[PDB]
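Notes for the one structure printed next.
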Amino acid sequence: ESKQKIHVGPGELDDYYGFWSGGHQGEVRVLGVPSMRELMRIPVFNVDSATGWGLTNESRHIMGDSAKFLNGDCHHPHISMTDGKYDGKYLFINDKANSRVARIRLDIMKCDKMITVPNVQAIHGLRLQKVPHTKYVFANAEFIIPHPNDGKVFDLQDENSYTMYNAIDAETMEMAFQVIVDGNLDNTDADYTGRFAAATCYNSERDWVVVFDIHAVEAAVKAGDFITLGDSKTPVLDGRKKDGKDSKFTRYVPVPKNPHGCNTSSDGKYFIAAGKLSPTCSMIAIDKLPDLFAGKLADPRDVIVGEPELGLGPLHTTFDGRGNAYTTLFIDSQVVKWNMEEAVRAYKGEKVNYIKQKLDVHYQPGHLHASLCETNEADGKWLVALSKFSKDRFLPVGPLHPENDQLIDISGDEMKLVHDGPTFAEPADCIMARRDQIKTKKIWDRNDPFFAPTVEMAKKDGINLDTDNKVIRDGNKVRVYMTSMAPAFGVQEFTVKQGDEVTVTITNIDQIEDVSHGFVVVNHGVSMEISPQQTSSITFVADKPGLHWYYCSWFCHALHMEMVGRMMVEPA
Amino acid sequence: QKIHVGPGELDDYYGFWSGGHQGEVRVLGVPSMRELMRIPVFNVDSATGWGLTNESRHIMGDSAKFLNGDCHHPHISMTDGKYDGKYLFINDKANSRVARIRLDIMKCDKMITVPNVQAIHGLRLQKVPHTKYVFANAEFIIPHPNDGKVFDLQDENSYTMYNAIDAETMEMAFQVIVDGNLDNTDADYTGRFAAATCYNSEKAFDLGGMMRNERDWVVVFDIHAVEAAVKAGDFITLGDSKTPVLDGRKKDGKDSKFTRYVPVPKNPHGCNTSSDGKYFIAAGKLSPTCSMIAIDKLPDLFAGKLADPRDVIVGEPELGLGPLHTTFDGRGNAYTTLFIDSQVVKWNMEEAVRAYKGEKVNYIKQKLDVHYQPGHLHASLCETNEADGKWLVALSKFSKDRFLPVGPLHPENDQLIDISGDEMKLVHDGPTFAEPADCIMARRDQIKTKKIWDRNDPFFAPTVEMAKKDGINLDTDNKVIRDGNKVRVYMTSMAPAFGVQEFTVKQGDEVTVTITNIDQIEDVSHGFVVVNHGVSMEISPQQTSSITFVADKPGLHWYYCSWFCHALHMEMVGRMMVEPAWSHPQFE
Ligand code: CUA
Ligand code: CUA
Ligand SMILES: [Ca+2]
Ligand SMILES: [Cl-]
Ligand SMILES: [Cl-]
Ligand code: NA
Ligand code: NA
Ligand SMILES: [Zn+2]
Ligand SMILES: [Zn+2]
Ligand SMILES: [Zn+2]
């Protein structure tokens, strides 16, 4: 019987972390499960006024040249794994708008690395290698473009127009390799060995899921059998068909129809491709892929071992670890629970009903996610279905509507809907982790790589950031270094010339957890947060003569209103 | 009382939350405490394009160059002392602005940078006869002019000002120079009086200086006297601003016609009008008290019928350590946050008044522990004469261990408290991001929203005007207008297709894309993202939205609809083709 408690009362704690995509708003959100309350927002592709992400020197360093963009469009959050289990080190997420992948460090809950994927447009599908650990982040570029894209050729049917499958080194956040494919890439997942990955493709009665022999790709890179594109040193391999001949790197498995979701069962047996236009899912037996690539099978369709008929508009699939799959039906507006091995037997002709239950959801579900579903520890406790049209499920709030993320108890034989959670800007997908899988820092380490370049800059100025309160003058450049301890800035006044470029570096030397300080320069567009033992810095030009106040934004003390300072700007 | 809202049940109240240091406004359902919408205001929102679109940057004016805000005080317009659901207003302390949100479309529709001031903090609205004025405090003392020759806060031309904004036009109405500084503010239930707390009567810049005086004050404004002087032309102007400026400073101990200074301890903070209209209540902060100013004694005070400004104080209850803010249940009780003691204290106002007259009576009814260090608190409808005494939200600054650990930056703790009975009851801990200062609640039936835009909505009326000069009918046209190195693309959109699915420009062209969502079904929103150009916006049904960007990269560049709108949403795409600069006339 499904009967878990969903109420988390005052003083009680949630059981799981939920990491929500921020959708078209560009951030990552940390929720508590089952309360579904948002505990934290992690800025990634958005500019965050509160913490200064996008404004501070540390954040703009991480974003690189892409710091010039104020937008992102993220969909697919995933947590790094060791031996097919979450290891709590990193979260990765895509940006479809400006073609990026970001890495979030789960000990500090901040984006610490970001890469613009070269020579592609629109990073959409994204998932992680599971075994032996997350060595690679796999990322789909959705849209076919010319190569080179220099304006001579616009023809998408040209022999050099294509998109590519992308592998990023998870630990260094540099590109590992790219594989040219036929068609457009949609979603992707990986197996439980490290040898294989797979992606649904459209555009090309039948499209396909393309399967990658990552071992074969790696071997070619080690031997130097690759090309490069443009000014990127990324190894590029050709996984397209040539005159009907297969690459060593890819096999194309025909699947109906404009397939969408591409999900690996937690027992490692199947890549399950959701049918979308076809009221089916297609089940690819991962154990038959070695024979496929070895040329031992008569037809790529022979790796298909199941094609259950589920209902109208299957989009995504998740797993309870008990042998059931759960699939969103976008048109029927349902989650369907079905037994995978019974579907496999049905495909062989046995009369057996693999469908267990259909639960109405509200309305038009897209992604769905069961707790630990991407790991061999899938625990079958909670399911979230992320529905696009909330209609009358919440109070009206004008022409824009919230997404409806519905929490469903799957611990028993029958799915039970227990909570409707409204969300902003269409998160699309989420991922859950056990409380004990996530370990966070209470206070920053003074050696943290997040602000190590700022420590380096201070070193060149002869500054001990833990103690110093000093103003360095360097032509028209002014570098203010200060400590802060509630309720006082360590430098409470400084004077500059109009036009000077001012950098303010603040080190919070409070040692009590949770005592954040802020720094805002009034009417200059300057804002940032500094947590205990963090160093943060921000650069702006003092283009206005006169007295200009700065203040601590984050309530830190009974005397917070009075934690202020003055920048005095002498006229030109 | 219904505390938990099940699937298919609806919340009973709207909550409008300050976005804190993040710069937006949030719409919550109460009592579920779930977030139903984010309304971008001072922040740049990737999802809707606020801060990127031409419509939003036009509303922000020159301040569109700032990517940050710091907002604290959301309040809803009123008619005869009750919410009328028309507008919400909120401050920006970071870049000295006031913004207006239209509650029918749930969008910021007007914004103003307040002239000749720094840091708009306290903000509240006239209640009676209606919200004609938005009252806003500028917190920091600055030189006038602030041209860099004088930096001294003690100079006779160094001061801050109280600001009144015309709520309907969102232009400045007047400003009143005050002594000291300004913290929080509220208005009475007659229209004559407003009041503000001051913590820097010392006009200092160091912590010790700002704490020296035993008493600062709440400054009371005679708005009738201010309006009379404006109509008589008895005012000045500062800089290039035409705003009437009135001098509310004391001159050698002589009061101005516009202000009275009521001594109040000490660095007081909250300034709250009781729902029965009897009191301005100032929270003592460094003093363990609140001071109760009797509004019905203010006409006598301005008429010289009182010898001491302290004579308008009729209560000063001792409550606890660090009183910051007070709210009201409409049953005669006040509720005050104690920041240091970390509690909400319930007390009877009329019994506190009798205690001030010497009658020993225990006006304190209950102290409820909160978690931890509460700042603002708000009871449902507390700002109106309909204060209903049902829900109370206390907004605490340090959540410590009340939620799962999330790293060095913690959420804040907004705690929902049942006050419908004699005993305050803590029912829900709500984590929030970026420290919302205050919130405001309204009954479900006090808010009326549109599901479909009107084609003449002023929000995009300037875009309609621009289209007309190109001979465009936005409801039907799919056209590419060329004008030198500018390209103006106009298209309708109807799921799952953009009306213009490709267009060609020259490298360096300045491209404006204007999209009119001609779907007429509720909640079919479209998006528009140009890949790798930093371009993103939303277009809701019957809205026109536009965005301008430079086509700085040659080659083919995809654009796509970001908001899921249709089963074939992934087909709602298009292509911009950019011919290379070397194939066109060369400039430098
Ligand atoms: Cu430091 Cu508030
Ligand atoms: Cu229009 Cu999705
Ligand atoms: Ca003082
Ligand atoms: Cl998927
Ligand atoms: Cl207040
Ligand atoms: Na990088
Ligand atoms: Na304006
Ligand atoms: Zn997706
Ligand atoms: Zn999907
Ligand atoms: Zn306050």
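Every chain in the structure tokens takes a letter, A first, then B, and so on in the order presented; its residues are numbered from 1, and the ligands are numbered from 1 following the presented order.
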Can you list, as an MDAnalysis selection string, every protein, DNA or RNA residue that comes within 8 Å of residue 104 of chain B when you count only C-alpha atoms, leaving out same-chain residues fewer than 4 positions away? (chainID A and resid 398) or (chainID B and resid 86 447:450)
Could you name the residues that touch segment 383-386 of chain A at 9 Å or less, counting only C-alpha atoms, but leaving out those on the same chain fewer than 3 positions away, as a PyMOL selection string? chain A and resi 318+320+326+328+335+361+363-371+380+403-410+415+426-430
Return the single residue from B:99, B:521, B:368, B:161 that is closest to chain A, with distances computed using only C-alpha atoms.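 Looking only at the distances to chain A, the closest residue turns out to be B:521.
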Show me which residues sit within 7 Å of ligand 4 when counting only C-alpha atoms and all ligand atoms, and put them as a list in words.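 Within the 7 Å cut-off, the matching residues are residues 187, 188, 260, 261, 262, 263 and 316 of chain A.
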Which distance in Å separates atom CA of residue 59 of chain A and atom CA of residue 540 of chain A, to one decimal?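 Distance reported for this atom pair: 14.7 Å.
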Env of segment 503-516 of chain A: 8 Å cut, atoms = only C-alpha atoms, seq-sep filter 5 positions within chain, self excluded. Answer as a count of residues only. 34
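Inside segment 2-179 of chain A, the residues DSSP reads as helix (DSSP H, G or I) when given the backbone are residues 23, 24, 25, 57, 58, 59, 60, 61, 62, 63, 64, 65, 66, 67 and 68 of chain A.
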Selection to disk with N, CA and C atoms, as a short mmCIF file (atom, residue, chain, number, x, y, z; two decimals), in the first residue's frame:
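out_38.cif, written as the output of this step:
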data_model
loop_
_atom_site.label_atom_id
_atom_site.label_comp_id
_atom_site.auth_asym_id
_atom_site.auth_seq_id
_atom_site.Cartn_x
_atom_site.Cartn_y
_atom_site.Cartn_z
N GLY A 23 14.41 25.79 -15.97
CA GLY A 23 13.67 26.07 -17.19
C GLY A 23 14.26 27.24 -17.96
N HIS A 24 13.37 28.05 -18.55
CA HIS A 24 13.78 29.19 -19.35
C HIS A 24 14.35 30.32 -18.50
N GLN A 25 14.31 30.19 -17.17
CA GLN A 25 14.85 31.23 -16.30
C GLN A 25 16.34 31.05 -16.05
N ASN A 57 33.53 39.34 -10.23
CA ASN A 57 34.64 38.87 -11.04
C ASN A 57 34.77 37.35 -10.99
N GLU A 58 34.44 36.73 -9.86
CA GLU A 58 34.58 35.27 -9.76
C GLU A 58 33.59 34.56 -10.69
N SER A 59 32.34 35.04 -10.73
CA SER A 59 31.33 34.42 -11.57
C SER A 59 31.62 34.67 -13.04
N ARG A 60 32.03 35.90 -13.39
CA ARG A 60 32.27 36.19 -14.80
C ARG A 60 33.50 35.43 -15.31
N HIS A 61 34.48 35.19 -14.44
CA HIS A 61 35.61 34.32 -14.78
C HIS A 61 35.13 32.91 -15.14
N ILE A 62 34.26 32.33 -14.32
CA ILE A 62 33.74 30.99 -14.59
C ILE A 62 32.95 30.98 -15.89
N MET A 63 32.12 32.00 -16.12
CA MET A 63 31.32 32.05 -17.35
C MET A 63 32.15 32.35 -18.60
N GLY A 64 33.35 32.88 -18.45
CA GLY A 64 34.16 33.23 -19.61
C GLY A 64 33.49 34.28 -20.48
N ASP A 65 33.74 34.16 -21.78
CA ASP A 65 33.15 35.10 -22.73
C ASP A 65 31.63 35.07 -22.69
N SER A 66 31.03 33.92 -22.34
CA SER A 66 29.58 33.82 -22.28
C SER A 66 28.98 34.66 -21.15
N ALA A 67 29.81 35.26 -20.29
CA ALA A 67 29.32 36.23 -19.32
C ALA A 67 28.56 37.39 -19.97
N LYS A 68 28.74 37.63 -21.28
CA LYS A 68 27.99 38.68 -21.95
C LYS A 68 26.51 38.34 -22.13
#
As JSON, numbers by chain, please: every protein or nucleic acid residue near ligand 7 (cut-off 9 Å, counting only C-alpha atoms and all ligand atoms). {"B": [58, 59, 60, 61, 99, 109, 110, 111, 112, 113, 169, 170, 171]}
Environment of ligand 2 within 7 Å, counting only C-alpha atoms and all ligand atoms, reported as number ranges by chain: B: 495-497, 525-527, 561-566, 569-570, 572
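With only C-alpha atoms and all ligand atoms as the atoms that count, the minimum distance from ligand 10 to the choices A:153, A:559, A:569, A:237 is reached by A:559.
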Could you report the residues within 7 Å of ligand 5, using only C-alpha atoms and all ligand atoms, as a ChimeraX atom specification? /B:184-185,269-272,325
Coordinates-based distance that separates atom CA of residue 346 of chain A from atom CA of residue 302 of chain A (Å, one decimal):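 For atom CA of residue 302 of chain A relative to atom CA of residue 346 of chain A, the distance reads 15.6 Å.
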Just the residues within 7 Å of residue 375 of chain A, please, counting only C-alpha atoms, with nothing from its chain fewer than 5 positions along; format it as a list in words.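 Once the nearby chain positions are removed, what remains is residues 84, 85, 86 and 266 of chain A.
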Sel. of strand (DSSP E or B) residues, segment 24-268 of chain B, as a PyMOL selection string: chain B and resi 25-30+34-39+53+71+75-79+82-92+97-102+107-113+120-125+130+133-138+142-143+158-166+172-178+185-187+193-198+216-222+236+245-247+251+254+259-264
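Within the 12 Å cut-off around residue 451 of chain B, using only C-alpha atoms and omitting residues fewer than 6 positions from it on the same chain, the listed residues are residues 391, 392, 395, 396, 397, 398, 399, 400 and 401 of chain A; 103, 104, 105, 106, 520, 521, 522, 523, 524, 525, 540, 541, 542 and 543 of chain B.
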Would you write out those residues with N, CA, C and O atoms, as a CSV table (one decimal), in the first residue's frame?
chain,number,residue,atom,x,y,z
A,391,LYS,N,-3.7,24.9,-16.0
A,391,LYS,CA,-5.1,25.3,-16.1
A,391,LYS,C,-5.7,25.8,-14.7
A,391,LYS,O,-5.2,26.8,-14.2
A,392,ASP,N,-6.6,25.1,-14.1
A,392,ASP,CA,-7.3,25.5,-12.9
A,392,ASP,C,-6.8,24.9,-11.6
A,392,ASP,O,-7.5,24.9,-10.6
A,395,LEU,N,-4.5,29.1,-8.2
A,395,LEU,CA,-5.1,30.4,-8.3
A,395,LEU,C,-4.7,31.1,-9.6
A,395,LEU,O,-3.5,31.0,-10.0
A,396,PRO,N,-5.6,31.8,-10.3
A,396,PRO,CA,-5.1,32.5,-11.5
A,396,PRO,C,-4.1,33.6,-11.2
A,396,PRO,O,-4.3,34.3,-10.2
A,397,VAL,N,-3.1,33.8,-12.0
A,397,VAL,CA,-2.1,34.8,-11.8
A,397,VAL,C,-1.8,35.6,-13.1
A,397,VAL,O,-0.6,35.9,-13.4
A,398,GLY,N,-2.8,35.8,-13.9
A,398,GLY,CA,-2.6,36.5,-15.2
A,398,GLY,C,-2.4,35.6,-16.4
A,398,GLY,O,-2.6,34.4,-16.3
A,399,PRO,N,-2.0,36.2,-17.5
A,399,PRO,CA,-1.9,35.4,-18.7
A,399,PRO,C,-0.8,34.3,-18.7
A,399,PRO,O,-1.0,33.2,-19.3
A,400,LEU,N,0.3,34.4,-17.9
A,400,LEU,CA,1.2,33.4,-17.8
A,400,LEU,C,0.8,32.3,-16.7
A,400,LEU,O,0.1,32.7,-15.7
A,401,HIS,N,1.1,31.1,-16.9
A,401,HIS,CA,0.7,30.1,-15.9
A,401,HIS,C,1.9,29.3,-15.4
A,401,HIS,O,2.9,29.2,-16.0
B,103,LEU,N,-2.0,44.5,-11.3
B,103,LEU,CA,-2.4,43.2,-10.8
B,103,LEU,C,-3.3,42.5,-11.8
B,103,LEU,O,-3.5,41.3,-11.6
B,104,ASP,N,-3.8,43.1,-12.8
B,104,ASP,CA,-4.6,42.3,-13.8
B,104,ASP,C,-3.7,41.5,-14.7
B,104,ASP,O,-4.1,40.4,-15.1
B,105,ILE,N,-2.6,42.0,-15.2
B,105,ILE,CA,-1.7,41.3,-16.0
B,105,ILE,C,-0.5,40.7,-15.2
B,105,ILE,O,0.3,40.0,-15.8
B,106,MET,N,-0.3,41.1,-14.0
B,106,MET,CA,0.8,40.6,-13.1
B,106,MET,C,2.1,40.9,-13.8
B,106,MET,O,3.0,40.0,-14.0
B,520,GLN,N,-5.7,32.4,-29.3
B,520,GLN,CA,-6.8,33.0,-28.4
B,520,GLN,C,-7.2,32.0,-27.3
B,520,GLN,O,-8.2,32.2,-26.7
B,521,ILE,N,-6.4,30.9,-27.1
B,521,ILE,CA,-6.7,29.9,-26.1
B,521,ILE,C,-5.8,30.3,-24.8
B,521,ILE,O,-4.6,30.6,-25.0
B,522,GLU,N,-6.4,30.3,-23.7
B,522,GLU,CA,-5.7,30.6,-22.4
B,522,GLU,C,-4.5,29.7,-22.3
B,522,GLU,O,-4.5,28.5,-22.7
B,523,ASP,N,-3.4,30.3,-21.8
B,523,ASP,CA,-2.2,29.6,-21.3
B,523,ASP,C,-1.4,28.9,-22.5
B,523,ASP,O,-0.5,28.1,-22.2
B,524,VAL,N,-1.7,29.3,-23.7
B,524,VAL,CA,-0.8,29.0,-24.8
B,524,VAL,C,0.2,30.1,-25.0
B,524,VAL,O,0.0,31.0,-25.8
B,525,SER,N,1.3,30.0,-24.2
B,525,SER,CA,2.4,31.0,-24.3
B,525,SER,C,3.4,30.4,-25.3
B,525,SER,O,3.7,29.2,-25.4
B,540,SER,N,2.6,35.9,-24.6
B,540,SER,CA,1.4,35.3,-24.1
B,540,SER,C,0.3,35.5,-25.1
B,540,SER,O,0.4,36.3,-26.0
B,541,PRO,N,-0.9,34.9,-24.9
B,541,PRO,CA,-1.9,35.0,-25.9
B,541,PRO,C,-2.4,36.5,-26.1
B,541,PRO,O,-2.7,37.2,-25.1
B,542,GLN,N,-2.4,37.0,-27.3
B,542,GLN,CA,-2.8,38.3,-27.7
B,542,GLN,C,-1.8,39.4,-27.3
B,542,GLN,O,-2.1,40.6,-27.5
B,543,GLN,N,-0.6,39.0,-26.8
B,543,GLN,CA,0.4,40.0,-26.5
B,543,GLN,C,1.3,40.2,-27.7
B,543,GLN,O,1.5,39.3,-28.6
Name all residues at most 12 Å from residue 73 of chain B (count only C-alpha atoms; drop same-chain ones fewer than 2 positions away) and give them as JSON, numbers by chain. {"B": [16, 17, 18, 19, 20, 21, 23, 24, 25, 70, 71, 75, 76, 88, 89, 90, 91, 92, 93, 98, 99, 100, 120, 121, 122, 123, 124, 125, 134, 135, 136, 137, 183, 184, 185, 186, 270, 376, 377, 378, 436, 437, 438, 439, 440]}
Please return as JSON, numbers by chain the residues found within 6 Å of ligand 6, counting only C-alpha atoms and all ligand atoms. {"A": [62, 113, 114, 115]}
